[PDB]
file data_11.cif (mmCIF, C-alpha atoms)
data_final
loop_
_atom_site.label_atom_id
_atom_site.label_comp_id
_atom_site.auth_asym_id
_atom_site.auth_seq_id
_atom_site.Cartn_x
_atom_site.Cartn_y
_atom_site.Cartn_z
CA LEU F 1 -84.91 74.87 140.91
CA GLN F 2 -87.65 72.32 140.19
CA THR F 3 -89.51 72.76 143.46
CA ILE F 4 -89.03 76.41 144.42
CA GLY F 5 -88.19 77.94 141.05
CA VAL F 6 -87.22 81.41 139.89
CA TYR F 7 -89.15 84.54 140.79
CA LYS F 8 -90.70 86.69 138.01
CA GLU F 9 -88.18 87.39 135.25
CA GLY F 10 -85.38 86.19 137.49
CA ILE F 11 -82.60 83.86 136.48
CA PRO F 12 -80.93 81.33 138.74
CA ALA F 13 -77.38 82.59 139.26
CA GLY F 14 -74.61 81.86 141.73
CA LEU F 15 -72.96 84.84 143.36
CA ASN F 16 -69.73 85.23 145.44
CA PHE F 17 -68.15 87.99 147.53
CA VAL F 18 -64.48 88.77 147.60
CA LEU F 19 -63.74 90.62 150.81
CA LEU F 20 -60.89 93.02 150.18
CA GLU F 21 -59.49 95.76 152.41
CA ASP F 22 -60.97 98.80 150.65
CA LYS F 23 -63.98 97.15 149.01
CA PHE F 24 -65.83 93.96 148.32
CA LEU F 25 -66.29 92.50 144.85
CA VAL F 26 -69.37 90.55 143.71
CA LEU F 27 -68.76 87.76 141.16
CA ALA F 28 -71.62 86.26 139.11
CA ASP F 29 -72.83 83.93 137.75
CA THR F 30 -70.37 81.49 139.31
CA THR F 31 -72.47 78.35 139.30
CA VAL F 32 -75.58 77.96 137.11
CA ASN F 33 -75.44 79.23 133.53
CA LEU F 34 -72.95 77.75 131.08
CA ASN F 35 -73.18 80.46 128.48
CA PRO F 36 -75.67 83.19 129.37
CA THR F 37 -76.99 85.50 126.72
CA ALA F 38 -76.69 89.30 126.80
CA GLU F 39 -80.21 89.41 128.14
CA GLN F 40 -79.33 86.94 130.87
CA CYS F 41 -76.08 88.66 131.83
CA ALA F 42 -78.06 91.89 132.20
CA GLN F 43 -80.56 90.19 134.49
CA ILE F 44 -77.72 88.63 136.53
CA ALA F 45 -76.21 92.11 136.92
CA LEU F 46 -79.54 93.43 138.19
CA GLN F 47 -79.82 90.68 140.77
CA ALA F 48 -76.26 91.21 141.97
CA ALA F 49 -76.82 94.95 142.11
CA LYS F 50 -79.89 94.76 144.31
CA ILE F 51 -77.96 92.47 146.63
CA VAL F 52 -75.12 95.00 146.82
CA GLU F 53 -77.69 97.67 147.61
CA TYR F 54 -78.98 95.57 150.51
CA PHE F 55 -75.52 96.09 152.06
CA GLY F 56 -75.70 99.84 151.61
CA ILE F 57 -73.22 100.05 148.78
CA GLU F 58 -73.62 101.65 145.35
CA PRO F 59 -73.38 98.96 142.71
CA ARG F 60 -70.99 99.72 139.84
CA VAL F 61 -71.20 96.96 137.23
CA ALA F 62 -68.74 95.72 134.61
CA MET F 63 -69.50 93.05 132.00
CA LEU F 64 -66.23 91.17 131.70
CA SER F 65 -64.68 90.13 128.40
CA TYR F 66 -61.19 89.37 127.11
CA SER F 67 -61.57 92.64 125.24
CA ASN F 68 -61.60 96.42 125.85
CA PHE F 69 -64.58 98.21 124.31
CA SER F 70 -64.24 96.41 120.95
CA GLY F 71 -67.69 94.90 120.69
CA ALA F 72 -66.24 92.52 118.12
CA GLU F 73 -68.25 89.42 117.12
CA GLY F 74 -68.44 86.89 119.95
CA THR F 75 -68.06 87.68 123.67
CA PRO F 76 -67.25 91.36 123.27
CA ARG F 77 -70.52 91.97 121.45
CA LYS F 78 -72.36 89.90 124.03
CA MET F 79 -71.02 91.82 127.01
CA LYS F 80 -71.31 95.22 125.36
CA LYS F 81 -74.88 94.33 124.60
CA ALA F 82 -75.47 93.09 128.16
CA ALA F 83 -74.21 96.36 129.54
CA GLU F 84 -76.66 98.21 127.21
CA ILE F 85 -79.62 96.17 128.38
CA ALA F 86 -78.66 96.51 132.05
CA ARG F 87 -78.39 100.25 131.63
CA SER F 88 -81.87 100.36 130.12
CA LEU F 89 -83.34 98.39 133.03
CA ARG F 90 -81.54 100.35 135.75
CA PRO F 91 -80.74 103.74 134.24
CA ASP F 92 -79.41 105.07 137.55
CA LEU F 93 -76.50 102.67 137.76
CA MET F 94 -72.97 102.75 136.43
CA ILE F 95 -72.96 99.72 134.15
CA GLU F 96 -70.34 99.34 131.48
CA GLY F 97 -68.82 96.86 128.98
CA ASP F 98 -67.19 95.18 127.20
CA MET F 99 -63.97 95.36 129.28
CA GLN F 100 -61.14 93.29 130.69
CA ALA F 101 -61.00 92.47 134.38
CA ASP F 102 -58.14 94.80 135.40
CA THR F 103 -59.76 97.62 133.37
CA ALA F 104 -62.87 96.88 135.35
CA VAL F 105 -61.58 96.81 138.92
CA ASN F 106 -58.90 99.47 138.58
CA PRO F 107 -60.05 103.05 138.16
CA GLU F 108 -56.68 104.35 137.20
CA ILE F 109 -56.47 102.04 134.20
CA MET F 110 -60.02 102.89 133.25
CA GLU F 111 -59.25 106.65 133.31
CA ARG F 112 -55.94 106.32 131.51
CA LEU F 113 -57.09 104.24 128.57
CA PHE F 114 -60.84 104.61 128.31
CA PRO F 115 -61.97 107.85 129.96
CA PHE F 116 -65.05 107.90 127.73
CA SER F 117 -66.40 104.98 129.75
CA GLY F 118 -69.33 105.58 132.06
CA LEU F 119 -67.75 103.45 134.76
CA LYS F 120 -65.85 105.58 137.24
CA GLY F 121 -64.38 104.69 140.61
CA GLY F 122 -63.86 101.04 139.79
CA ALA F 123 -66.54 98.36 139.53
CA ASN F 124 -67.69 96.30 142.51
CA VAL F 125 -69.98 94.06 140.53
CA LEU F 126 -68.36 91.72 137.97
CA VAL F 127 -70.59 89.67 135.69
CA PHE F 128 -68.91 86.99 133.62
CA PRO F 129 -69.53 85.87 130.05
CA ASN F 130 -69.44 82.17 130.78
CA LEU F 131 -69.35 79.56 133.52
CA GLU F 132 -65.70 78.59 132.91
CA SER F 133 -64.49 82.10 133.63
CA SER F 134 -66.67 82.77 136.70
CA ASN F 135 -66.22 79.41 138.40
CA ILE F 136 -62.46 79.35 137.87
CA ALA F 137 -62.02 82.98 138.94
CA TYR F 138 -63.75 82.77 142.29
CA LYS F 139 -62.10 79.41 143.17
CA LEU F 140 -58.60 80.67 142.21
CA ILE F 141 -58.90 83.94 144.08
CA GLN F 142 -60.20 82.04 147.06
CA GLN F 143 -57.20 79.69 147.07
CA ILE F 144 -54.22 81.83 146.11
CA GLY F 145 -55.36 85.34 146.74
CA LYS F 146 -55.15 86.34 150.33
CA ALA F 147 -58.76 87.40 150.73
CA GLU F 148 -61.82 85.80 152.20
CA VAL F 149 -64.31 84.65 149.63
CA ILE F 150 -67.86 83.83 150.59
CA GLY F 151 -70.42 81.93 148.53
CA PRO F 152 -71.65 80.84 146.15
CA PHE F 153 -75.07 82.13 147.01
CA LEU F 154 -77.97 81.06 144.82
CA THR F 155 -79.72 84.11 143.47
CA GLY F 156 -82.96 84.31 141.49
CA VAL F 157 -85.16 81.81 143.32
CA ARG F 158 -88.46 82.46 145.15
CA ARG F 159 -87.48 81.14 148.55
CA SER F 160 -84.28 80.95 150.54
CA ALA F 161 -81.98 78.19 149.31
CA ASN F 162 -78.26 77.88 148.82
CA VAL F 163 -75.92 75.25 147.53
CA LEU F 164 -72.42 74.95 149.00
CA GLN F 165 -69.39 74.24 146.88
CA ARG F 166 -68.48 70.65 147.74
CA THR F 167 -64.84 71.72 148.10
CA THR F 168 -65.92 73.90 151.04
CA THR F 169 -64.17 73.89 154.42
CA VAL F 170 -66.17 73.96 157.71
CA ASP F 171 -65.55 77.71 158.16
CA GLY F 172 -66.75 78.09 154.61
CA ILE F 173 -70.01 76.46 155.58
CA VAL F 174 -70.19 78.65 158.69
CA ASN F 175 -69.96 81.82 156.65
CA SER F 176 -72.45 80.54 153.99
CA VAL F 177 -75.05 79.60 156.55
CA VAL F 178 -74.68 83.10 158.08
CA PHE F 179 -75.75 84.67 154.82
CA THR F 180 -78.46 82.09 154.22
CA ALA F 181 -79.81 83.07 157.64
CA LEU F 182 -79.76 86.70 156.57
CA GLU F 183 -81.68 85.81 153.37
CA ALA F 184 -84.13 83.55 155.18
CA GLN F 185 -85.00 86.38 157.54
CA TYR F 186 -85.36 88.85 154.68
CA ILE F 187 -87.78 86.64 152.72
CA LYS F 188 -89.79 85.68 155.78
CA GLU F 189 -90.30 89.32 156.61
CA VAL F 190 -91.29 90.38 153.14
CA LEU F 191 -93.74 87.53 152.95
CA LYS F 192 -95.23 88.09 156.38
CA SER F 193 -95.94 91.53 155.01
CA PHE C 1 -80.03 130.96 75.07
CA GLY C 2 -78.27 134.32 74.95
CA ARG C 3 -75.38 136.55 73.97
CA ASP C 4 -72.92 133.89 75.14
CA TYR C 5 -74.83 131.08 73.45
CA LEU C 6 -75.86 131.55 69.81
CA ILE C 7 -75.37 127.95 68.66
CA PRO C 8 -75.26 124.40 69.97
CA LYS C 9 -71.84 123.29 71.24
CA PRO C 10 -69.88 121.05 68.85
CA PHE C 11 -70.31 117.75 70.73
CA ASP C 12 -74.02 118.17 71.51
CA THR C 13 -75.70 114.77 71.13
CA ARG C 14 -78.94 116.43 69.97
CA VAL C 15 -77.59 117.80 66.68
CA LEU C 16 -78.43 114.64 64.75
CA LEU C 17 -82.09 114.30 65.89
CA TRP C 18 -83.19 117.82 65.02
CA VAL C 19 -81.07 118.37 61.92
CA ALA C 20 -81.36 114.99 60.14
CA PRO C 21 -85.19 114.94 59.97
CA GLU C 22 -85.43 118.64 58.91
CA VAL C 23 -82.87 117.88 56.20
CA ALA C 24 -85.02 114.85 55.31
CA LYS C 25 -88.04 117.19 55.12
CA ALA C 26 -86.15 119.50 52.76
CA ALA C 27 -84.97 116.57 50.59
CA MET C 28 -88.46 115.08 50.23
CA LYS C 29 -90.17 118.45 49.71
CA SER C 30 -87.52 119.44 47.12
CA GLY C 31 -88.13 116.19 45.21
CA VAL C 32 -84.48 115.15 45.22
CA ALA C 33 -85.23 112.31 47.65
CA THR C 34 -85.92 108.90 46.09
CA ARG C 35 -87.33 107.12 49.15
CA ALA C 36 -89.60 108.98 51.55
CA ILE C 37 -89.36 108.75 55.32
CA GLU C 38 -92.93 108.35 56.47
CA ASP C 39 -92.62 107.14 60.00
CA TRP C 40 -90.96 110.22 61.45
CA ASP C 41 -90.76 108.83 64.96
CA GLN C 42 -89.34 105.43 63.92
CA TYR C 43 -86.71 107.47 62.11
CA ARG C 44 -85.98 109.68 65.13
CA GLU C 45 -85.65 106.39 67.03
CA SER C 46 -83.21 105.00 64.48
CA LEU C 47 -81.24 108.25 64.75
CA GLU C 48 -81.00 108.09 68.56
CA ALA C 49 -79.69 104.53 68.15
CA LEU C 50 -76.58 105.68 66.25
CA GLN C 51 -74.95 107.65 69.06
CA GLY C 52 -75.14 105.37 72.10
CA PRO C 53 -73.08 105.29 75.33
CA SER C 54 -70.06 103.48 73.85
CA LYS C 55 -69.36 106.60 71.81
CA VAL C 56 -70.47 109.44 74.04
CA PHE C 57 -70.96 108.50 77.68
CA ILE C 58 -67.54 109.61 78.99
CA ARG C 59 -67.59 112.63 76.62
CA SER C 60 -70.78 113.81 78.31
CA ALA C 61 -69.37 112.92 81.70
CA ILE C 62 -66.35 115.18 81.32
CA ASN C 63 -68.55 117.93 79.78
CA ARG C 64 -70.87 117.71 82.79
CA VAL C 65 -68.00 117.95 85.30
CA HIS C 66 -66.74 121.06 83.51
CA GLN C 67 -70.19 122.68 83.57
CA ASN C 68 -70.43 121.86 87.25
CA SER C 69 -67.09 123.66 87.70
CA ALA C 70 -68.30 126.72 85.79
CA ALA C 71 -71.43 126.98 87.95
CA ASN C 72 -69.39 126.78 91.13
CA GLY C 73 -67.37 129.97 90.67
CA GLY C 74 -64.77 127.97 88.78
CA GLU C 75 -63.87 125.86 91.83
CA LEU C 76 -62.58 122.33 90.97
CA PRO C 77 -63.40 119.34 93.23
CA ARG C 78 -60.68 118.56 95.75
CA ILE C 79 -60.00 114.84 95.34
CA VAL C 80 -57.37 113.33 97.62
CA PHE C 81 -55.14 110.46 96.52
CA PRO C 82 -53.52 108.77 99.54
CA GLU C 83 -51.20 106.62 97.43
CA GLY C 84 -49.19 109.66 96.35
CA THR C 85 -46.13 107.63 95.49
CA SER C 86 -47.99 105.27 93.09
CA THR C 87 -46.75 105.66 89.53
CA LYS C 88 -50.15 104.74 87.91
CA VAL C 89 -51.82 107.40 90.02
CA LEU C 90 -49.31 110.12 89.06
CA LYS C 91 -49.47 109.16 85.38
CA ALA C 92 -53.26 109.47 85.49
CA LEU C 93 -53.01 112.81 87.25
CA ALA C 94 -50.92 114.25 84.42
CA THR C 95 -53.89 113.84 82.08
CA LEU C 96 -56.45 114.65 84.77
CA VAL C 97 -55.04 118.06 85.74
CA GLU C 98 -54.15 118.81 82.10
CA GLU C 99 -57.79 118.37 81.21
CA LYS C 100 -58.87 120.13 84.38
CA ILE C 101 -60.83 117.27 85.98
CA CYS C 102 -60.04 117.93 89.65
CA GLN C 103 -57.78 119.49 92.22
CA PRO C 104 -55.60 116.54 93.30
CA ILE C 105 -54.22 116.35 96.81
CA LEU C 106 -51.34 113.90 97.33
CA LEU C 107 -50.51 112.14 100.64
CA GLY C 108 -47.08 110.96 101.79
CA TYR C 109 -43.60 112.18 102.70
CA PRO C 110 -43.12 115.21 100.37
CA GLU C 111 -39.51 114.35 99.46
CA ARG C 112 -40.39 110.81 98.26
CA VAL C 113 -43.29 111.96 96.12
CA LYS C 114 -41.37 114.86 94.58
CA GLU C 115 -38.56 112.44 93.78
CA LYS C 116 -41.13 110.19 92.13
CA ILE C 117 -42.77 112.97 90.11
CA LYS C 118 -39.29 113.90 88.86
CA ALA C 119 -38.34 110.31 88.07
CA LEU C 120 -41.42 109.98 85.89
CA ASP C 121 -41.04 113.33 84.07
CA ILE C 122 -44.52 114.60 84.82
CA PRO C 123 -44.09 118.36 84.81
CA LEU C 124 -47.78 119.09 85.22
CA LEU C 125 -47.90 118.07 88.89
CA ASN C 126 -45.32 120.38 90.39
CA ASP C 127 -48.15 122.55 91.72
CA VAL C 128 -50.13 119.71 93.30
CA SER C 129 -50.44 119.89 97.09
CA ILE C 130 -48.63 117.18 99.03
CA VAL C 131 -49.32 116.54 102.68
CA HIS C 132 -47.76 114.30 105.30
CA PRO C 133 -50.66 113.21 107.59
CA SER C 134 -48.93 113.72 110.99
CA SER C 135 -47.77 117.13 109.87
CA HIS C 136 -51.12 118.54 108.82
CA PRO C 137 -52.69 121.22 111.00
CA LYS C 138 -56.03 119.42 111.41
CA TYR C 139 -54.37 116.08 112.19
CA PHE C 140 -55.01 116.03 115.90
CA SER C 141 -58.48 117.34 115.29
CA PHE C 142 -59.01 114.38 112.96
CA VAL C 143 -57.70 111.86 115.45
CA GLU C 144 -60.13 113.23 118.01
CA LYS C 145 -62.97 112.72 115.56
CA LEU C 146 -62.01 109.13 114.78
CA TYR C 147 -61.76 108.45 118.49
CA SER C 148 -65.15 109.80 119.19
CA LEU C 149 -66.76 107.73 116.46
CA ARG C 150 -64.88 104.47 117.08
CA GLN C 151 -64.00 104.46 120.80
CA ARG C 152 -66.36 101.57 121.47
CA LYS C 153 -65.29 99.72 118.33
CA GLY C 154 -61.80 98.89 119.42
CA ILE C 155 -60.11 102.24 118.91
CA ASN C 156 -58.88 104.52 121.74
CA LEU C 157 -56.89 107.78 121.46
CA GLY C 158 -53.59 105.99 121.14
CA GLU C 159 -54.91 103.80 118.38
CA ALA C 160 -56.76 106.69 116.79
CA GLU C 161 -53.54 108.62 116.58
CA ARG C 162 -51.70 105.65 115.14
CA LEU C 163 -54.33 105.04 112.42
CA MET C 164 -54.82 108.66 111.38
CA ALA C 165 -51.19 108.70 110.30
CA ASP C 166 -52.26 106.13 107.70
CA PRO C 167 -52.92 107.98 104.40
CA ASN C 168 -56.07 105.94 103.83
CA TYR C 169 -57.64 106.97 107.13
CA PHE C 170 -56.43 110.52 106.64
CA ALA C 171 -57.97 110.81 103.15
CA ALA C 172 -61.16 109.30 104.52
CA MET C 173 -61.30 111.81 107.36
CA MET C 174 -60.58 114.81 105.13
CA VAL C 175 -63.47 113.82 102.93
CA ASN C 176 -65.66 113.23 105.99
CA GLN C 177 -64.98 116.66 107.44
CA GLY C 178 -65.18 118.50 104.13
CA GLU C 179 -61.49 119.39 103.89
CA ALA C 180 -61.71 117.49 100.61
CA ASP C 181 -64.71 116.78 98.38
CA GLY C 182 -63.76 113.23 97.55
CA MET C 183 -61.08 110.58 97.48
CA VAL C 184 -59.68 107.84 95.26
CA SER C 185 -57.62 104.96 96.62
CA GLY C 186 -56.86 101.30 96.06
CA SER C 187 -54.37 101.54 93.23
CA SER C 188 -51.62 99.59 95.00
CA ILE C 189 -53.45 97.74 97.75
CA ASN C 190 -56.11 95.00 97.88
CA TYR C 191 -59.70 96.24 97.90
CA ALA C 192 -60.65 95.23 101.47
CA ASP C 193 -57.75 97.09 103.02
CA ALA C 194 -58.37 100.14 100.87
CA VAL C 195 -62.11 100.25 101.39
CA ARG C 196 -62.23 99.40 105.07
CA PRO C 197 -61.11 102.75 106.53
CA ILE C 198 -63.53 104.44 104.18
#
call {"tool": "encode", "arguments": {"input": "data_11.cif", "output": "structure tokens"}}
result
Amino acid sequence: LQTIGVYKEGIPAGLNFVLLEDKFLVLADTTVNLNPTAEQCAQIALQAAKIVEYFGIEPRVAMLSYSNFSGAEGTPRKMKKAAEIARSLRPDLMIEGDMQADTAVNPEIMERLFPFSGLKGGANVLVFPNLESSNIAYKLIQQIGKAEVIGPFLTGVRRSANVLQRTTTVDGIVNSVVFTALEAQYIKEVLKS
Amino acid sequence: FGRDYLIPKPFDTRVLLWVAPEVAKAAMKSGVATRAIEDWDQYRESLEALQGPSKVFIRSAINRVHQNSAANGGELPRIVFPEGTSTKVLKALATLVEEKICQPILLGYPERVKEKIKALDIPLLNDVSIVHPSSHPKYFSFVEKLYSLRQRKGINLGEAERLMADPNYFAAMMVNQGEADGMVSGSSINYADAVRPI
């Protein structure tokens, strides 16, 4: 971060993929920001989204909270606000909050309890309110869930650089370096332009 | 001024200011006065001072509400009282309807409130409308409304339904939608709880 730094208006943020059978989920920010503001969570969402678009998928973004559309003082208000900002910056996307994680990933729950929501078809981008929640989620899913998890991938910086989780296995590193290669190529190209 | 108004009304606060100085004029001019009033305005001032709000404010208030009623085709304001089983409220309503202040609407289970009105021997409120929230025609319409305004403030349809059965929320909504012109609550509950749904 000191040498390469963030690109314009970007925010350094760690991002993981959960590779499920029907979909993949993006989790952010899993590594950098202890307690990002609404404004930061919105920017994180944007970064995640553009990455999802690189893989030809429509991003659908949920700002996670322990709450369902309450916007109460504290994290609900932060995530509800983040969703509002995100929506203003990327008016074409489904971005919604505040909501709990199952409400977010599960479209049936969303329709049954909160049909007013603008998130339909389940979210594939999950942005977290704080580093405790994101870091613990991706590590837990990776260990006890029965799904491949790849990352974290450092987002927000000018050139291609990624930091492994030290708990990584060798196959973990193999996967990570694959995506770093992908990124490296992308940035080289764009530059070369 | 007209065929239906030949004189001031009895409790008109202006009677003193116009009559007392003209009487003063007649007393001084007729020579029966022994101390002349010279400063006519200081006197009119002194006269205004004698009938201040402590004597007349509520008098004028009730008069004004009545005149409002007359100008509105005789329609009284519908004021809903969600604590329909409160004895203070009922006792007040005896006087209030007797002196034609409003059209009270009571909220609660009809049996309980009619038992209460009988227990207290208030015969003047046997005509007053009593409604059980869940059993009103516009109930579901109301819940929808609440939902739409508070769906992103911690209230979904389930919760909206649950709350609208609360007499406070129901009174509030009636007033909001114009199915009542106003509401009075808080006689038997702390102020925060009573005022919050409003």
call {"tool": "resolve_selection", "arguments": {"input": "data_11.cif", "expression": "the PyMOL selection byres ((chain F) within 6 of (chain C))", "output": "number ranges by chain"}}
result
F: 69-71
call {"tool": "resolve_selection", "arguments": {"input": "data_11.cif", "expression": "the PyMOL selection byres ((chain C and resi 178) around 12)", "output": "PyMOL selection string"}}
result
chain C and resi 77-80+138+142+171-177+179-183
call {"tool": "residues_near_point", "arguments": {"input": "data_11.cif", "point": "(-87.4, 111.2, 59.3)", "cutoff": "10 Å", "atoms": "only C-alpha atoms", "output": "PDB file with C-alpha atoms, in the coordinates of the input"}}
result
ATOM      1  CA  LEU C  17     -82.090 114.300  65.890  1.00  0.00           C
ATOM      2  CA  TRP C  18     -83.190 117.820  65.020  1.00  0.00           C
ATOM      3  CA  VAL C  19     -81.070 118.370  61.920  1.00  0.00           C
ATOM      4  CA  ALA C  20     -81.360 114.990  60.140  1.00  0.00           C
ATOM      5  CA  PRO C  21     -85.190 114.940  59.970  1.00  0.00           C
ATOM      6  CA  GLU C  22     -85.430 118.640  58.910  1.00  0.00           C
ATOM      7  CA  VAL C  23     -82.870 117.880  56.200  1.00  0.00           C
ATOM      8  CA  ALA C  24     -85.020 114.850  55.310  1.00  0.00           C
ATOM      9  CA  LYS C  25     -88.040 117.190  55.120  1.00  0.00           C
ATOM     10  CA  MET C  28     -88.460 115.080  50.230  1.00  0.00           C
ATOM     11  CA  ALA C  36     -89.600 108.980  51.550  1.00  0.00           C
ATOM     12  CA  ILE C  37     -89.360 108.750  55.320  1.00  0.00           C
ATOM     13  CA  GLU C  38     -92.930 108.350  56.470  1.00  0.00           C
ATOM     14  CA  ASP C  39     -92.620 107.140  60.000  1.00  0.00           C
ATOM     15  CA  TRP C  40     -90.960 110.220  61.450  1.00  0.00           C
ATOM     16  CA  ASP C  41     -90.760 108.830  64.960  1.00  0.00           C
ATOM     17  CA  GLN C  42     -89.340 105.430  63.920  1.00  0.00           C
ATOM     18  CA  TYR C  43     -86.710 107.470  62.110  1.00  0.00           C
ATOM     19  CA  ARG C  44     -85.980 109.680  65.130  1.00  0.00           C
ATOM     20  CA  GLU C  45     -85.650 106.390  67.030  1.00  0.00           C
ATOM     21  CA  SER C  46     -83.210 105.000  64.480  1.00  0.00           C
ATOM     22  CA  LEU C  47     -81.240 108.250  64.750  1.00  0.00           C
TER      23      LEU C  47
END
call {"tool": "atom_distance", "arguments": {"input": "data_11.cif", "atom1": "atom CA of residue 88 of chain F", "atom2": "atom CA of residue 151 of chain F"}}
result
28.5 Å
call {"tool": "residues_around", "arguments": {"input": "data_11.cif", "residues": "segment 122-131 of chain C", "least_positions_apart": "5", "cutoff": "7 Å", "atoms": "only C-alpha atoms", "output": "VMD selection string"}}
result
chain C and resid 94 104 to 108 110 117 136
call {"tool": "atom_distance", "arguments": {"input": "data_11.cif", "atom1": "atom CA of residue 32 of chain F", "atom2": "atom CA of residue 48 of chain F"}}
result
14.1 Å
call {"tool": "atom_distance", "arguments": {"input": "data_11.cif", "atom1": "atom CA of residue 55 of chain C", "atom2": "atom CA of residue 101 of chain C"}}
result
19.7 Å
call {"tool": "axis_aligned_box", "arguments": {"input": "data_11.cif", "around": "segment 128-146 of chain C", "padding_each_side": "3 Å", "output": "lines of an AutoDock Vina configuration file"}}
result
center_x = -55.4
center_y = 115.2
center_z = 105.7
size_x = 21.2
size_y = 18.1
size_z = 30.7
call {"tool": "residues_around", "arguments": {"input": "data_11.cif", "residues": "residue 97 of chain F", "least_positions_apart": "2", "cutoff": "12 Å", "atoms": "only C-alpha atoms", "output": "PyMOL selection string"}}
result
(chain F and resi 38+41-42+45+60-72+75-87+94-95+99-101+103-104+110+114+116-119+123+125-129) or (chain C and resi 152-153)
call {"tool": "closest_residue", "arguments": {"input": "data_11.cif", "among": "F:173, F:11, F:155, F:19", "to": "residue 50 of chain F", "atoms": "only C-alpha atoms"}}
result
F:155
call {"tool": "closest_residue", "arguments": {"input": "data_11.cif", "among": "F:10, F:36, F:172, F:121", "to": "residue 58 of chain F", "atoms": "only C-alpha atoms"}}
result
F:121
call {"tool": "closest_residue", "arguments": {"input": "data_11.cif", "among": "C:33, C:48, C:3, C:189", "to": "residue 15 of chain C", "atoms": "all atoms listed in the file"}}
result
C:48
call {"tool": "closest_residue", "arguments": {"input": "data_11.cif", "among": "C:90, C:16, C:165, C:70", "to": "residue 109 of chain C", "atoms": "only C-alpha atoms"}}
result
C:165
call {"tool": "residues_around", "arguments": {"input": "data_11.cif", "residues": "residue 140 of chain C", "least_positions_apart": "3", "cutoff": "12 Å", "atoms": "all atoms listed in the file", "output": "PyMOL selection string"}}
result
chain C and resi 133-137+143-147+157-158+160-165+170+173
call {"tool": "resolve_selection", "arguments": {"input": "data_11.cif", "expression": "the PyMOL selection byres ((chain F and resi 157-159) around 10)", "output": "PyMOL selection string"}}
result
chain F and resi 1+3-8+10-13+154-156+160-162+183-184+187-188+191
call {"tool": "write_last_selection", "arguments": {"input": "data_11.cif", "atoms": "C-alpha atoms", "output": "mmCIF file, keeping the file's coordinate frame"}}
result
data_model
loop_
_atom_site.group_PDB
_atom_site.id
_atom_site.type_symbol
_atom_site.label_atom_id
_atom_site.label_comp_id
_atom_site.auth_asym_id
_atom_site.auth_seq_id
_atom_site.Cartn_x
_atom_site.Cartn_y
_atom_site.Cartn_z
ATOM 1 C CA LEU F 1 -84.910 74.870 140.910
ATOM 2 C CA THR F 3 -89.510 72.760 143.460
ATOM 3 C CA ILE F 4 -89.030 76.410 144.420
ATOM 4 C CA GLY F 5 -88.190 77.940 141.050
ATOM 5 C CA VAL F 6 -87.220 81.410 139.890
ATOM 6 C CA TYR F 7 -89.150 84.540 140.790
ATOM 7 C CA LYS F 8 -90.700 86.690 138.010
ATOM 8 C CA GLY F 10 -85.380 86.190 137.490
ATOM 9 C CA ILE F 11 -82.600 83.860 136.480
ATOM 10 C CA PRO F 12 -80.930 81.330 138.740
ATOM 11 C CA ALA F 13 -77.380 82.590 139.260
ATOM 12 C CA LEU F 154 -77.970 81.060 144.820
ATOM 13 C CA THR F 155 -79.720 84.110 143.470
ATOM 14 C CA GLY F 156 -82.960 84.310 141.490
ATOM 15 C CA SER F 160 -84.280 80.950 150.540
ATOM 16 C CA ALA F 161 -81.980 78.190 149.310
ATOM 17 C CA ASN F 162 -78.260 77.880 148.820
ATOM 18 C CA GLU F 183 -81.680 85.810 153.370
ATOM 19 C CA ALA F 184 -84.130 83.550 155.180
ATOM 20 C CA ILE F 187 -87.780 86.640 152.720
ATOM 21 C CA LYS F 188 -89.790 85.680 155.780
ATOM 22 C CA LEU F 191 -93.740 87.530 152.950
#
call {"tool": "residues_around", "arguments": {"input": "data_11.cif", "residues": "residue 13 of chain C", "least_positions_apart": "3", "cutoff": "10 Å", "atoms": "all atoms listed in the file", "output": "PDB file with C-alpha atoms, in the frame of the given file"}}
result
ATOM      1  CA  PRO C   8     -75.260 124.400  69.970  1.00  0.00           C
ATOM      2  CA  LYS C   9     -71.840 123.290  71.240  1.00  0.00           C
ATOM      3  CA  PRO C  10     -69.880 121.050  68.850  1.00  0.00           C
ATOM      4  CA  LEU C  16     -78.430 114.640  64.750  1.00  0.00           C
ATOM      5  CA  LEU C  17     -82.090 114.300  65.890  1.00  0.00           C
ATOM      6  CA  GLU C  48     -81.000 108.090  68.560  1.00  0.00           C
ATOM      7  CA  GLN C  51     -74.950 107.650  69.060  1.00  0.00           C
ATOM      8  CA  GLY C  52     -75.140 105.370  72.100  1.00  0.00           C
ATOM      9  CA  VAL C  56     -70.470 109.440  74.040  1.00  0.00           C
ATOM     10  CA  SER C  60     -70.780 113.810  78.310  1.00  0.00           C
TER      11      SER C  60
END
